[PDB]
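Source file: coords21.pdb (PDB, C-alpha atoms and all ligand atoms)
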```
ATOM      1  CA  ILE J   1      93.755  93.084  93.298  1.00  0.00           C
ATOM      2  CA  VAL J   2      92.368  90.306  91.095  1.00  0.00           C
ATOM      3  CA  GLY J   3      91.202  91.189  87.614  1.00  0.00           C
ATOM      4  CA  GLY J   4      92.476  94.762  87.707  1.00  0.00           C
ATOM      5  CA  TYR J   5      94.861  96.888  85.687  1.00  0.00           C
ATOM      6  CA  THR J   6      98.238  98.520  86.283  1.00  0.00           C
ATOM      7  CA  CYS J   7      97.413 101.978  87.665  1.00  0.00           C
ATOM      8  CA  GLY J   8     100.477 103.769  86.373  1.00  0.00           C
ATOM      9  CA  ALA J   9     103.150 105.336  88.533  1.00  0.00           C
ATOM     10  CA  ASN J  10     101.863 107.893  91.055  1.00  0.00           C
ATOM     11  CA  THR J  11      98.397 108.050  89.526  1.00  0.00           C
ATOM     12  CA  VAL J  12      96.867 107.207  92.940  1.00  0.00           C
ATOM     13  CA  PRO J  13      98.791 109.784  94.966  1.00  0.00           C
ATOM     14  CA  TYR J  14      97.082 109.139  98.312  1.00  0.00           C
ATOM     15  CA  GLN J  15      97.926 105.416  98.322  1.00  0.00           C
ATOM     16  CA  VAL J  16     100.407 104.360 100.999  1.00  0.00           C
ATOM     17  CA  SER J  17     102.222 101.125 101.703  1.00  0.00           C
ATOM     18  CA  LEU J  18     102.658 100.079 105.325  1.00  0.00           C
ATOM     19  CA  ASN J  19     106.037  98.425 105.777  1.00  0.00           C
ATOM     20  CA  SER J  20     107.431  96.390 108.672  1.00  0.00           C
ATOM     21  CA  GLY J  21     110.406  95.052 106.740  1.00  0.00           C
ATOM     22  CA  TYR J  22     108.076  94.190 103.848  1.00  0.00           C
ATOM     23  CA  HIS J  23     104.767  95.496 102.536  1.00  0.00           C
ATOM     24  CA  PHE J  24     101.866  94.149 104.587  1.00  0.00           C
ATOM     25  CA  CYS J  25      98.908  96.524 104.133  1.00  0.00           C
ATOM     26  CA  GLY J  26      97.710  99.592 102.301  1.00  0.00           C
ATOM     27  CA  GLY J  27      96.432 102.880 103.665  1.00  0.00           C
ATOM     28  CA  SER J  28      95.334 106.334 102.591  1.00  0.00           C
ATOM     29  CA  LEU J  29      96.937 109.699 103.277  1.00  0.00           C
ATOM     30  CA  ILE J  30      94.228 112.039 104.626  1.00  0.00           C
ATOM     31  CA  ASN J  31      96.440 115.024 105.499  1.00  0.00           C
ATOM     32  CA  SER J  32     100.147 115.743 105.708  1.00  0.00           C
ATOM     33  CA  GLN J  33     100.600 113.881 109.003  1.00  0.00           C
ATOM     34  CA  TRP J  34      97.864 111.206 109.163  1.00  0.00           C
ATOM     35  CA  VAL J  35      97.077 107.931 107.412  1.00  0.00           C
ATOM     36  CA  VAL J  36      93.914 105.864 107.699  1.00  0.00           C
ATOM     37  CA  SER J  37      94.048 102.078 107.353  1.00  0.00           C
ATOM     38  CA  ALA J  38      92.295  98.963 108.658  1.00  0.00           C
ATOM     39  CA  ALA J  39      92.504  98.031 112.349  1.00  0.00           C
ATOM     40  CA  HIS J  40      93.308  94.460 111.342  1.00  0.00           C
ATOM     41  CA  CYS J  41      96.553  95.886 109.896  1.00  0.00           C
ATOM     42  CA  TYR J  42      97.687  96.979 113.353  1.00  0.00           C
ATOM     43  CA  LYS J  43     101.218  96.156 114.431  1.00  0.00           C
ATOM     44  CA  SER J  44     104.078  97.925 116.139  1.00  0.00           C
ATOM     45  CA  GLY J  45     107.008  99.317 114.197  1.00  0.00           C
ATOM     46  CA  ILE J  46     105.271 100.620 111.073  1.00  0.00           C
ATOM     47  CA  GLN J  47     107.061 102.666 108.435  1.00  0.00           C
ATOM     48  CA  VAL J  48     104.714 104.489 106.071  1.00  0.00           C
ATOM     49  CA  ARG J  49     105.868 104.569 102.448  1.00  0.00           C
ATOM     50  CA  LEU J  50     104.446 107.349 100.297  1.00  0.00           C
ATOM     51  CA  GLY J  51     104.945 108.008  96.609  1.00  0.00           C
ATOM     52  CA  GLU J  52     105.441 104.330  95.745  1.00  0.00           C
ATOM     53  CA  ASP J  53     104.816 102.521  92.524  1.00  0.00           C
ATOM     54  CA  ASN J  54     107.275  99.599  92.451  1.00  0.00           C
ATOM     55  CA  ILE J  55     107.645  98.675  96.134  1.00  0.00           C
ATOM     56  CA  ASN J  56     110.922  96.818  95.440  1.00  0.00           C
ATOM     57  CA  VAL J  57     112.755  99.554  93.491  1.00  0.00           C
ATOM     58  CA  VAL J  58     113.647 103.083  94.571  1.00  0.00           C
ATOM     59  CA  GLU J  59     112.265 105.144  91.677  1.00  0.00           C
ATOM     60  CA  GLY J  60     112.701 108.656  93.072  1.00  0.00           C
ATOM     61  CA  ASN J  61     109.316 109.899  94.368  1.00  0.00           C
ATOM     62  CA  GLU J  62     109.218 107.956  97.659  1.00  0.00           C
ATOM     63  CA  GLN J  63     108.939 109.379 101.147  1.00  0.00           C
ATOM     64  CA  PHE J  64     109.607 106.925 103.989  1.00  0.00           C
ATOM     65  CA  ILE J  65     108.274 108.159 107.344  1.00  0.00           C
ATOM     66  CA  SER J  66     107.972 106.245 110.604  1.00  0.00           C
ATOM     67  CA  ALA J  67     104.741 106.155 112.551  1.00  0.00           C
ATOM     68  CA  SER J  68     104.745 107.948 115.898  1.00  0.00           C
ATOM     69  CA  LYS J  69     101.343 106.761 117.128  1.00  0.00           C
ATOM     70  CA  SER J  70      98.666 104.304 116.047  1.00  0.00           C
ATOM     71  CA  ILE J  71      95.053 104.498 117.179  1.00  0.00           C
ATOM     72  CA  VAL J  72      92.750 101.536 116.620  1.00  0.00           C
ATOM     73  CA  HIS J  73      89.056 102.382 116.713  1.00  0.00           C
ATOM     74  CA  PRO J  74      87.751 102.073 120.304  1.00  0.00           C
ATOM     75  CA  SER J  75      85.084  99.531 119.282  1.00  0.00           C
ATOM     76  CA  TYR J  76      87.073  97.402 116.831  1.00  0.00           C
ATOM     77  CA  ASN J  77      86.060  93.754 117.107  1.00  0.00           C
ATOM     78  CA  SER J  78      88.648  91.415 115.596  1.00  0.00           C
ATOM     79  CA  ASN J  79      86.230  88.489 115.451  1.00  0.00           C
ATOM     80  CA  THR J  80      83.518  90.214 113.401  1.00  0.00           C
ATOM     81  CA  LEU J  81      85.720  92.955 111.850  1.00  0.00           C
ATOM     82  CA  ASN J  82      83.179  95.556 112.895  1.00  0.00           C
ATOM     83  CA  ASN J  83      84.780  99.003 113.090  1.00  0.00           C
ATOM     84  CA  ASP J  84      87.827  97.893 111.061  1.00  0.00           C
ATOM     85  CA  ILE J  85      89.577 101.265 110.974  1.00  0.00           C
ATOM     86  CA  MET J  86      92.807 102.678 112.406  1.00  0.00           C
ATOM     87  CA  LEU J  87      94.609 106.038 112.313  1.00  0.00           C
ATOM     88  CA  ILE J  88      98.378 106.361 112.068  1.00  0.00           C
ATOM     89  CA  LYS J  89     100.205 109.582 112.871  1.00  0.00           C
ATOM     90  CA  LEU J  90     103.476 110.224 111.042  1.00  0.00           C
ATOM     91  CA  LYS J  91     106.586 111.329 112.946  1.00  0.00           C
ATOM     92  CA  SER J  92     106.948 114.253 110.535  1.00  0.00           C
ATOM     93  CA  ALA J  93     104.716 115.830 107.922  1.00  0.00           C
ATOM     94  CA  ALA J  94     104.878 114.514 104.390  1.00  0.00           C
ATOM     95  CA  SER J  95     105.718 116.868 101.540  1.00  0.00           C
ATOM     96  CA  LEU J  96     102.634 117.197  99.332  1.00  0.00           C
ATOM     97  CA  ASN J  97     102.716 117.747  95.479  1.00  0.00           C
ATOM     98  CA  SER J  98     100.980 116.092  92.448  1.00  0.00           C
ATOM     99  CA  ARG J  99     102.477 112.651  93.087  1.00  0.00           C
ATOM    100  CA  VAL J 100     101.923 112.592  96.879  1.00  0.00           C
ATOM    101  CA  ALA J 101      98.618 114.074  97.920  1.00  0.00           C
ATOM    102  CA  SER J 102      95.869 113.618 100.470  1.00  0.00           C
ATOM    103  CA  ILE J 103      92.390 112.305  99.756  1.00  0.00           C
ATOM    104  CA  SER J 104      89.320 114.119 101.056  1.00  0.00           C
ATOM    105  CA  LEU J 105      87.031 112.613 103.652  1.00  0.00           C
ATOM    106  CA  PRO J 106      83.388 112.302 102.621  1.00  0.00           C
ATOM    107  CA  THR J 107      80.671 114.650 103.730  1.00  0.00           C
ATOM    108  CA  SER J 108      77.986 112.134 102.788  1.00  0.00           C
ATOM    109  CA  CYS J 109      77.805 108.406 102.323  1.00  0.00           C
ATOM    110  CA  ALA J 110      77.913 106.988  98.828  1.00  0.00           C
ATOM    111  CA  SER J 111      74.954 105.100  97.409  1.00  0.00           C
ATOM    112  CA  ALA J 112      74.777 101.718  95.737  1.00  0.00           C
ATOM    113  CA  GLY J 113      75.624 101.949  92.052  1.00  0.00           C
ATOM    114  CA  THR J 114      78.362 104.521  92.521  1.00  0.00           C
ATOM    115  CA  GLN J 115      81.589 103.587  90.761  1.00  0.00           C
ATOM    116  CA  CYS J 116      84.763 103.558  92.860  1.00  0.00           C
ATOM    117  CA  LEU J 117      88.492 102.971  92.451  1.00  0.00           C
ATOM    118  CA  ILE J 118      90.176 100.346  94.627  1.00  0.00           C
ATOM    119  CA  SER J 119      93.959  99.987  94.609  1.00  0.00           C
ATOM    120  CA  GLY J 120      96.731  97.960  96.182  1.00  0.00           C
ATOM    121  CA  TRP J 121      99.713  95.649  95.996  1.00  0.00           C
ATOM    122  CA  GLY J 122      97.853  92.531  97.082  1.00  0.00           C
ATOM    123  CA  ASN J 123      97.548  89.112  95.473  1.00  0.00           C
ATOM    124  CA  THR J 124      96.418  89.072  91.835  1.00  0.00           C
ATOM    125  CA  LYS J 125      95.174  85.446  91.731  1.00  0.00           C
ATOM    126  CA  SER J 126      91.953  83.915  93.088  1.00  0.00           C
ATOM    127  CA  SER J 127      93.556  80.458  93.283  1.00  0.00           C
ATOM    128  CA  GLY J 128      97.244  80.426  94.114  1.00  0.00           C
ATOM    129  CA  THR J 129      99.486  83.411  94.731  1.00  0.00           C
ATOM    130  CA  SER J 130     101.246  86.067  92.677  1.00  0.00           C
ATOM    131  CA  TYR J 131     102.125  89.357  94.259  1.00  0.00           C
ATOM    132  CA  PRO J 132     102.802  92.333  92.023  1.00  0.00           C
ATOM    133  CA  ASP J 133     105.515  94.843  92.564  1.00  0.00           C
ATOM    134  CA  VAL J 134     103.598  97.763  91.014  1.00  0.00           C
ATOM    135  CA  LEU J 135     100.286  99.224  92.094  1.00  0.00           C
ATOM    136  CA  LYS J 136      97.121  97.668  90.674  1.00  0.00           C
ATOM    137  CA  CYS J 137      93.744  99.332  90.260  1.00  0.00           C
ATOM    138  CA  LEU J 138      90.151  98.174  89.943  1.00  0.00           C
ATOM    139  CA  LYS J 139      86.965 100.050  89.130  1.00  0.00           C
ATOM    140  CA  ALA J 140      83.974  98.552  90.899  1.00  0.00           C
ATOM    141  CA  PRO J 141      80.504  99.623  92.001  1.00  0.00           C
ATOM    142  CA  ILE J 142      79.051  99.748  95.472  1.00  0.00           C
ATOM    143  CA  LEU J 143      76.461  96.992  95.784  1.00  0.00           C
ATOM    144  CA  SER J 144      73.082  97.349  97.433  1.00  0.00           C
ATOM    145  CA  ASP J 145      72.867  96.528 101.109  1.00  0.00           C
ATOM    146  CA  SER J 146      70.323  93.805 100.337  1.00  0.00           C
ATOM    147  CA  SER J 147      72.723  92.065  97.897  1.00  0.00           C
ATOM    148  CA  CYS J 148      75.567  92.412 100.390  1.00  0.00           C
ATOM    149  CA  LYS J 149      73.539  90.909 103.241  1.00  0.00           C
ATOM    150  CA  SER J 150      72.287  88.109 101.002  1.00  0.00           C
ATOM    151  CA  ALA J 151      75.896  87.219 100.117  1.00  0.00           C
ATOM    152  CA  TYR J 152      77.043  87.253 103.758  1.00  0.00           C
ATOM    153  CA  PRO J 153      74.065  86.383 105.966  1.00  0.00           C
ATOM    154  CA  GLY J 154      74.467  87.516 109.546  1.00  0.00           C
ATOM    155  CA  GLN J 155      77.836  89.179 108.961  1.00  0.00           C
ATOM    156  CA  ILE J 156      77.230  92.668 107.538  1.00  0.00           C
ATOM    157  CA  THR J 157      76.876  95.533 109.991  1.00  0.00           C
ATOM    158  CA  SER J 158      75.880  99.139 109.332  1.00  0.00           C
ATOM    159  CA  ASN J 159      79.626  99.943 109.255  1.00  0.00           C
ATOM    160  CA  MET J 160      80.285  97.803 106.182  1.00  0.00           C
ATOM    161  CA  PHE J 161      79.442  97.819 102.509  1.00  0.00           C
ATOM    162  CA  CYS J 162      80.049  95.465  99.624  1.00  0.00           C
ATOM    163  CA  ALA J 163      81.632  96.491  96.357  1.00  0.00           C
ATOM    164  CA  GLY J 164      82.559  94.493  93.304  1.00  0.00           C
ATOM    165  CA  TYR J 165      80.925  91.928  91.084  1.00  0.00           C
ATOM    166  CA  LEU J 166      78.598  89.091  92.060  1.00  0.00           C
ATOM    167  CA  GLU J 167      79.791  87.154  88.999  1.00  0.00           C
ATOM    168  CA  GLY J 168      83.290  87.052  90.488  1.00  0.00           C
ATOM    169  CA  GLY J 169      86.587  87.541  88.732  1.00  0.00           C
ATOM    170  CA  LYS J 170      87.406  91.047  89.993  1.00  0.00           C
ATOM    171  CA  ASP J 171      88.058  91.868  93.647  1.00  0.00           C
ATOM    172  CA  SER J 172      90.513  93.051  96.256  1.00  0.00           C
ATOM    173  CA  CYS J 173      92.572  90.366  97.955  1.00  0.00           C
ATOM    174  CA  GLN J 174      95.177  89.602 100.616  1.00  0.00           C
ATOM    175  CA  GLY J 175      97.699  92.417 100.873  1.00  0.00           C
ATOM    176  CA  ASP J 176      95.218  95.053  99.683  1.00  0.00           C
ATOM    177  CA  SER J 177      93.807  95.316 103.216  1.00  0.00           C
ATOM    178  CA  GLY J 178      93.709  98.805 104.653  1.00  0.00           C
ATOM    179  CA  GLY J 179      93.788 100.452 101.244  1.00  0.00           C
ATOM    180  CA  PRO J 180      91.419 102.969  99.713  1.00  0.00           C
ATOM    181  CA  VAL J 181      88.070 102.812  98.025  1.00  0.00           C
ATOM    182  CA  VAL J 182      87.633 106.245  96.417  1.00  0.00           C
ATOM    183  CA  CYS J 183      84.387 107.362  94.807  1.00  0.00           C
ATOM    184  CA  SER J 184      83.809 110.768  93.205  1.00  0.00           C
ATOM    185  CA  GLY J 185      87.079 112.032  94.686  1.00  0.00           C
ATOM    186  CA  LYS J 186      86.315 111.070  98.305  1.00  0.00           C
ATOM    187  CA  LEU J 187      87.494 108.218 100.517  1.00  0.00           C
ATOM    188  CA  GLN J 188      84.402 106.072 101.063  1.00  0.00           C
ATOM    189  CA  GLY J 189      85.872 102.689 101.996  1.00  0.00           C
ATOM    190  CA  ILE J 190      88.772 100.756 103.467  1.00  0.00           C
ATOM    191  CA  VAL J 191      89.639  97.287 102.144  1.00  0.00           C
ATOM    192  CA  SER J 192      88.551  95.035 105.012  1.00  0.00           C
ATOM    193  CA  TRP J 193      87.561  91.423 104.300  1.00  0.00           C
ATOM    194  CA  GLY J 194      85.829  88.837 102.155  1.00  0.00           C
ATOM    195  CA  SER J 195      85.444  85.110 101.666  1.00  0.00           C
ATOM    196  CA  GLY J 196      88.411  84.364  99.483  1.00  0.00           C
ATOM    197  CA  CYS J 197      88.990  86.689  96.527  1.00  0.00           C
ATOM    198  CA  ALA J 198      86.993  87.133  93.355  1.00  0.00           C
ATOM    199  CA  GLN J 199      84.660  84.217  94.065  1.00  0.00           C
ATOM    200  CA  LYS J 200      81.147  84.083  92.671  1.00  0.00           C
ATOM    201  CA  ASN J 201      78.560  85.643  95.026  1.00  0.00           C
ATOM    202  CA  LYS J 202      81.290  86.685  97.507  1.00  0.00           C
ATOM    203  CA  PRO J 203      82.160  90.329  96.826  1.00  0.00           C
ATOM    204  CA  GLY J 204      84.631  92.292  98.875  1.00  0.00           C
ATOM    205  CA  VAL J 205      83.535  93.950 102.111  1.00  0.00           C
ATOM    206  CA  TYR J 206      84.743  97.424 103.001  1.00  0.00           C
ATOM    207  CA  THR J 207      84.672  99.625 106.077  1.00  0.00           C
ATOM    208  CA  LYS J 208      82.113 102.429 105.612  1.00  0.00           C
ATOM    209  CA  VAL J 209      84.259 105.537 106.176  1.00  0.00           C
ATOM    210  CA  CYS J 210      81.365 108.017 106.195  1.00  0.00           C
ATOM    211  CA  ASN J 211      80.297 106.632 109.591  1.00  0.00           C
ATOM    212  CA  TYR J 212      83.677 107.553 111.119  1.00  0.00           C
ATOM    213  CA  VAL J 213      84.267 111.121 109.957  1.00  0.00           C
ATOM    214  CA  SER J 214      83.455 112.661 113.346  1.00  0.00           C
ATOM    215  CA  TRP J 215      85.785 110.233 115.147  1.00  0.00           C
ATOM    216  CA  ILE J 216      88.568 110.878 112.645  1.00  0.00           C
ATOM    217  CA  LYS J 217      88.271 114.655 112.883  1.00  0.00           C
ATOM    218  CA  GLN J 218      88.094 114.698 116.697  1.00  0.00           C
ATOM    219  CA  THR J 219      91.030 112.301 117.030  1.00  0.00           C
ATOM    220  CA  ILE J 220      93.264 114.275 114.675  1.00  0.00           C
ATOM    221  CA  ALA J 221      92.388 117.522 116.458  1.00  0.00           C
ATOM    222  CA  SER J 222      93.656 116.223 119.826  1.00  0.00           C
ATOM    223  CA  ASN J 223      96.644 114.023 118.917  1.00  0.00           C
TER     224      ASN J 223
HETATM  225 CA    CA M 301     109.644 102.334  95.064  1.00  0.00          CA
END
```
Written as structure tokens, how would this file's structure read?
Amino acid sequence: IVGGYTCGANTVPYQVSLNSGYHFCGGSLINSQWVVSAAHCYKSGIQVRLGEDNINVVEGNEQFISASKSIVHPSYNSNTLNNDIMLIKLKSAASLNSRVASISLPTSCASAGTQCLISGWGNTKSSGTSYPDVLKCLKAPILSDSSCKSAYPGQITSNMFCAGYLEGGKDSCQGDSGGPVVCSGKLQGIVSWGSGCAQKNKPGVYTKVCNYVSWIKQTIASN
């Protein structure tokens, strides 16, 4: 996250870190046994880390649970990043409380102008690299589809939305991928892609979760 603020420990209780020997992507806990992330975060051998603030220090609220199954969306296209969503089933159920909690799926899509919270452990610089150890947060609005399509001609599908600031300076970045965009207490987006980070006229692009609720619910019910 570029241009954000330190969230505070366990203030974003649905935020997960995906670990394969190191943090590589975020995700969101949607019930005691399932996480949703980005398909471009797929790899084998994932450990899901819940209850984290400092990802390099054991602080006492963590739960480390291996993945038993990963399911990439059937229509994910790695070239265009259309349908950039993936479900991860945990080997055992997480223990839920105030510091580790699930986030609700949306019943309706959010409109442009709605303010959302984006979080992650990704890069904090737009030029160069500095990775934080503690979770960072950013408040940003959903942008209109017309502004999003004007920023990225020919690249925005109906399964994507833009959020952030056309003036630059505040965005999600590398290492935030897969993490949550939460608006009015519901998971509306997944950190997916962008052209660089925090550049003028190049806001972040997010997977539009409201289009996938039926697929998520049906998949969880049968796996
Ligand atoms: Ca920790």
- [ ] Using only C-alpha atoms, find the one residue out of J:101, J:29, J:148, J:134 that sits nearest to residue J:54.
- [x]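 That would be J:134, the residue with the smallest distance to residue J:54.
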- [ ] Could you give me, as a ChimeraX atom specification, every polymer residue with an atom at most 7 Å away from an atom of ligand CA 301 (chain M), counting all atoms listed in the file?
- [x] /J:52-59,62
Open item on the list: If we count all atoms listed in the file and set the cut-off at 7 Å, which residues sit around stretch 166-181 of chain J, ignoring sequence neighbours fewer than 2 positions away in its own chain? Please answer as a ChimeraX atom specification.
Closed with: /J:1-4,24-28,37-38,41,116-123,164,183,187-192,197-204
- [ ] To one decimal in Å, tell me the separation between atom CA of residue J:157 and atom CA of residue J:217.
- [x]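 Atom CA of residue J:157 sits 22.4 Å away from atom CA of residue J:217.
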- [ ] Tell me, in Å to one decimal, how far atom CA of residue J:51 is from atom CA of residue J:97.
- [x] 10.1 Å
Task: Picked residues, the PyMOL selection byres (((chain J and resi 65) around 10) and not hetatm), as a list in words - done: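 Residues picked by the PyMOL selection byres (((chain J and resi 65) around 10) and not hetatm): residues 33, 46, 47, 48, 49, 50, 62, 63, 64, 66, 67, 68, 89, 90, 91, 92, 93 and 94 of chain J.
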Stretch 152-160 of chain J: axis-aligned bounding box, 4 Å on each side, centre and edge lengths in Å, one decimal, as lines of an AutoDock Vina configuration file:
```
center_x = 77.2
center_y = 93.2
center_z = 106.9
size_x = 14.2
size_y = 21.6
size_z = 14.2
```
Do you have, as CSV, the list of residues of stretch 30-65 of chain J lying at most 9 Å from stretch 71-75 of chain J, each with its nearest atom pair and that distance in Å to one decimal, counting all atoms listed in the file and ordered by chain then number?
```
residue,atom,partner,partner_atom,distance
J:38,CA,J:72,CA,8.4
J:39,CA,J:72,CA,5.5
J:40,CA,J:72,CA,8.8
J:42,CA,J:72,CA,7.5
```
TODO: Work out how far atom CA of residue J:219 is from atom CA of residue J:31, in Å to one decimal.
DONE: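 Computed distance, atom CA of residue J:31 to atom CA of residue J:219, equals 13.0 Å.
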Assuming the chain letters and numbering stay as they are in my file, what does the PyMOL selection byres (((chain J and resi 7) around 9) and not hetatm) actually select? List them as a PDB file with C-alpha atoms, in the frame of the given file.
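Output file out_7.pdb follows:
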```
ATOM      1  CA  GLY J   4      92.476  94.762  87.707  1.00  0.00           C
ATOM      2  CA  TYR J   5      94.861  96.888  85.687  1.00  0.00           C
ATOM      3  CA  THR J   6      98.238  98.520  86.283  1.00  0.00           C
ATOM      4  CA  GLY J   8     100.477 103.769  86.373  1.00  0.00           C
ATOM      5  CA  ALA J   9     103.150 105.336  88.533  1.00  0.00           C
ATOM      6  CA  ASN J  10     101.863 107.893  91.055  1.00  0.00           C
ATOM      7  CA  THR J  11      98.397 108.050  89.526  1.00  0.00           C
ATOM      8  CA  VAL J  12      96.867 107.207  92.940  1.00  0.00           C
ATOM      9  CA  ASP J  53     104.816 102.521  92.524  1.00  0.00           C
ATOM     10  CA  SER J 119      93.959  99.987  94.609  1.00  0.00           C
ATOM     11  CA  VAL J 134     103.598  97.763  91.014  1.00  0.00           C
ATOM     12  CA  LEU J 135     100.286  99.224  92.094  1.00  0.00           C
ATOM     13  CA  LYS J 136      97.121  97.668  90.674  1.00  0.00           C
ATOM     14  CA  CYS J 137      93.744  99.332  90.260  1.00  0.00           C
ATOM     15  CA  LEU J 138      90.151  98.174  89.943  1.00  0.00           C
TER      16      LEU J 138
END
```
Task: Minimum-distance residue to residue J:87, chosen among J:17, J:195, J:158, J:70 (using all atoms listed in the file) - done: J:70
The PyMOL selection byres (((chain J and resi 106) around 6) and not hetatm) on the file shown: which residues, as a compact mmCIF listing (two decimals) with C-alpha atoms, in the frame of the given file?
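Okay, this is what ended up in out_7.txt:
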```txt
# COMPACT_ATOMS: atom_id res chain seq x y z
CA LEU J 105 87.03 112.61 103.65
CA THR J 107 80.67 114.65 103.73
CA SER J 108 77.99 112.13 102.79
CA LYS J 186 86.32 111.07 98.30
CA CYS J 210 81.36 108.02 106.20
```
Enumerate, as a PDB file with C-alpha atoms, in the frame of the given file, the protein, DNA and RNA residues whose atoms approach (80.2, 85.5, 104.4) to within 8 Å, taking into account only C-alpha atoms and the coordinate frame of the file.
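Printed below is selection_32.pdb as written:
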```pdb
ATOM      1  CA  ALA J 151      75.896  87.219 100.117  1.00  0.00           C
ATOM      2  CA  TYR J 152      77.043  87.253 103.758  1.00  0.00           C
ATOM      3  CA  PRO J 153      74.065  86.383 105.966  1.00  0.00           C
ATOM      4  CA  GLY J 154      74.467  87.516 109.546  1.00  0.00           C
ATOM      5  CA  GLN J 155      77.836  89.179 108.961  1.00  0.00           C
ATOM      6  CA  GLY J 194      85.829  88.837 102.155  1.00  0.00           C
ATOM      7  CA  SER J 195      85.444  85.110 101.666  1.00  0.00           C
ATOM      8  CA  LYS J 202      81.290  86.685  97.507  1.00  0.00           C
TER       9      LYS J 202
END
```
Task: Option closest in space to residue J:84, from J:126, J:211, J:61, J:15 [counting only C-alpha atoms] - done: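 Looking at the shortest contact to residue J:84, the residue is J:211.
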Open item on the list: Which residues are close to residue J:82, i.e. within 8 Å by all atoms listed in the file, leaving aside same-chain residues fewer than 3 positions away? Reply as a PyMOL selection string.
Closed with: chain J and resi 75-78+157+159-160
Task: Counting all atoms listed in the file, the residue of J:128, J:88, J:83, J:20 that sits nearest residue J:220 - done: J:88
Task: Nearest residue to residue J:145 from the set J:69, J:208, J:43, J:23 (distances using only C-alpha atoms) - done: J:208
